[PDB]
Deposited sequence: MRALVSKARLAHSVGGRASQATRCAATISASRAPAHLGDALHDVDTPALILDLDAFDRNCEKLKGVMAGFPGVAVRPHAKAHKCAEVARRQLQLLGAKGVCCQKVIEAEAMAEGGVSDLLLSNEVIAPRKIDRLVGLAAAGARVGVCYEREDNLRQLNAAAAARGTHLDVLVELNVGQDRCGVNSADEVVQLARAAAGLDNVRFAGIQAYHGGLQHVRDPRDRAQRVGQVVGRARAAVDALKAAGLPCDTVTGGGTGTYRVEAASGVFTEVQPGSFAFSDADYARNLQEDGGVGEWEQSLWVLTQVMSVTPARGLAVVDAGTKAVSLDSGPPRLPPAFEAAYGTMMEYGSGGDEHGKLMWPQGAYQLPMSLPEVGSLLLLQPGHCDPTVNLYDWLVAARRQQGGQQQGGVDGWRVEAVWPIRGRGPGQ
C-alpha cells in the first residue's frame, strides 16, 4: 500500500514505554508540550487583539495542530506548502493560511479544493499573474480565497520591496471576484535566532516600521489592511507589542531545539521554551579506548542543519560528564567525551534536535508520550506512549 515500510509500520503503540519504541524515533513529551502552549497563551494575554496562528511546518501533524488550537484558544494554523494544508484539512483543522506563494497550477487546485470543501483559506502573493491564476482556480470551484501581499522586510527571500508595490497588488485584487485582499505578511526569519534581546528588539523595530509604512500607504490609497501577519518563536513578543501586527506565527515554541535554547531574553533566562521534542536513539557500539559511544541515529534520523543535537541534563546525572554528538554518517551518531561510565550498548538516550522542523520531517510517525512529574528532563525511564500519530505532511514540500 504505502511507498515506504516506515510509513506503513508504526515504531510503537498505545501503552508502550520508551524501551518498546523502535529506534530511531521521534518523541513528543505532551506534558512539556502542554506547558509551552500554556506559556505562549499567557504571554499573549499581555497583548489583547493579537491572534496566534501556530505554524504547522514544525510538526506536520493534524493531531498536534488540534491540541495546539484547543490549548491556545486559537482558530487556525500556518502551512508552508499545500501538502501541509492538505494534512491539516483532512484532520479537521479548517482555518488555514498558506504563508508562502503557490505558483504551480496543480498545487493551487489542491489548495482551492480545500476551500471548496469548507475550509477557510488564506494564501500569500507577490505577483499579479499569480493573483489572477489564484482567482481563476477559486472561481472554477465556486469558492473564495483570502489573499495577502507578502512584503520583504529584510529577510530577502520572497515578497515585494516597497509600500507602493503592496498598494499596486491590493489595487489588483479589488477587481477580482473570488479573491479578497486581506492584508500583508511581514516575516523576517533572519532575526529569529538573534541572541541579544535588545539587538533582536531593535531589529524587529525596523521590520515593524516597514510593515507600518505598508499599512499607511494602503490607508493613503483608501484601501484597508485587515490582517498584518508575521514573526516567529524568536521575535513574536516584539511584533505583538507593536500595535501594527494583528497576528503572530510562531511554530517552534511548542517543541524548542538547541538553536532556540540559546536565545537570551529580557529577564535572567536563556531559552524561552521547554524541550518537548526528542529523537530516541539506542547505543549500538562502544569503544572505551577512544571517547566513544555510537548511537543508531545518524544524518537520516537527526538533521544537523543548525548544528549537532544535544544530550539533556538527565544524561549528565549518573554518567558524570556531558558528552558531545558528532556525525558518524548516515546511520551512526558519535558520542564523544571531551573518566567515568560510557553508556552501555543497548542503552537508550534522548537527543534534543539542533533544529526542530527538519528533524520532524525525517519521521513518518510521532510518538506522543508522558512520564511520571518532578523529573530531570531527558531520561528514558518511566514513559507511557499516549498516542502514535501519522505525520501526514511529511515530505519534500509538495
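Of the deposited sequence, the ranges 1-23, 362-367, 402 have no C-alpha coordinates according to the record.
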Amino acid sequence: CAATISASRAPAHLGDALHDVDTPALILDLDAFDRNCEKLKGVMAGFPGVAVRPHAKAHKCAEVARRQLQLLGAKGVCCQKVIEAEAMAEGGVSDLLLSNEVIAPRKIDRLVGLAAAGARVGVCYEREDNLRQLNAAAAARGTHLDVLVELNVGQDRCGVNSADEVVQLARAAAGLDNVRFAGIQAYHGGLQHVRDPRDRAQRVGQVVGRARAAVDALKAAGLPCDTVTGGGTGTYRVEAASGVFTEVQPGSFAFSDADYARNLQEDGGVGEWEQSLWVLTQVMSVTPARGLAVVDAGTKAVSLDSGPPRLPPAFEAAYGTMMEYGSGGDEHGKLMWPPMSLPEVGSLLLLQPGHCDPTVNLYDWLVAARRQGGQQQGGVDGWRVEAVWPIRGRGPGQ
From here on, numbers count along this sequence of modelled residues.
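Between 263-271 and 243-251, the higher mean Cα B-factor belongs to 263-271. Relative to one another, 253-261 and 317-325 have unequal mean CA B-factors, and 317-325 is the one with the higher figure. Within the selection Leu348, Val360, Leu342, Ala62, the deposited Cα B-factor values reach their highest point at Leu342. Take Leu97, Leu72, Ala297, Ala163 and read off each C-alpha B-factor from the entry; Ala163 has the highest. Residue-level temperature factors show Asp156 in the highest third of its chain, judged at the C-alpha atom. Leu28: CA B factor in the lowest third of modelled residues in this chain (values from the PDB entry). Residue-level temperature factors show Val43 in the middle third of its chain, judged at the C-alpha atom.
The entry lists a Cα temperature factor for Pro390 that places it in the lowest third of the chain's modelled residues. Ranked against the other modelled residues of its chain, the C-alpha B-factor of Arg180 as given in the entry falls in the highest third.
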